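First, one chain by itself in structure tokens, the form deposited in one PDB entry.
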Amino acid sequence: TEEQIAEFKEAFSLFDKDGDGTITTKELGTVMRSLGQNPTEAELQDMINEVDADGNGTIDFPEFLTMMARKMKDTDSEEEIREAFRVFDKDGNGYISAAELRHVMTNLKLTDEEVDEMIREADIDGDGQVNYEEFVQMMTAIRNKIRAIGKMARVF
């Protein structure tokens, strides 16, 4: 609803370099490299195949929109997870320690024994602390506080 629609049409036309109303793998490749990516040919087929519901090998306007929705939803979620990670990981060393987890939980009350336990639940590789991979994987199937930390920190 609205002129979201002019935005969508602008977005599509930036990909549809020839104006014919479809985006090919080529077209996609060319915009992607201007964005500072270097996608392989296989990467490009697959972004086409996920949204190619009519099977024709290219992306039209409702397919592109679905591609946008899926990609918007997963950038946003993954950006907020990564902001919440950065919030806990205050020394920037790539791992959430128990003292870091505690400090953050507090400032927003867990005993040391409690926070060791939160870690153990998420600590797939056994090293006593929570890396990015593990944080990601905890955030998946409260949490909800963490999720709002990540959104908020973003927006701030």
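From 1 onward, residues are counted along the sequence shown. Take the two forms, superpose them, and find the largest set of C-alpha atoms that agree within 1.5 Å; that set is the rigid core.
From this point on, the text means the form deposited in another entry, which you will not see here.
Just one residue from the list 56, 66, 38, 49 crosses the 2 Å line for C-alpha shift between the shown form and the other one on a rigid core fit, and it is 38. For residue 101, the Cα coordinates differ by under 2 angstroms between the shown form and the other one after the core has been superposed. If you fit the rigid core between the shown form and the other one, you'll see the Cα of residue 87 move by less than 2 angstroms. After superposing the rigid core, the C-alpha of residue 123 moves by less than 2 Å between the shown form and the other one.
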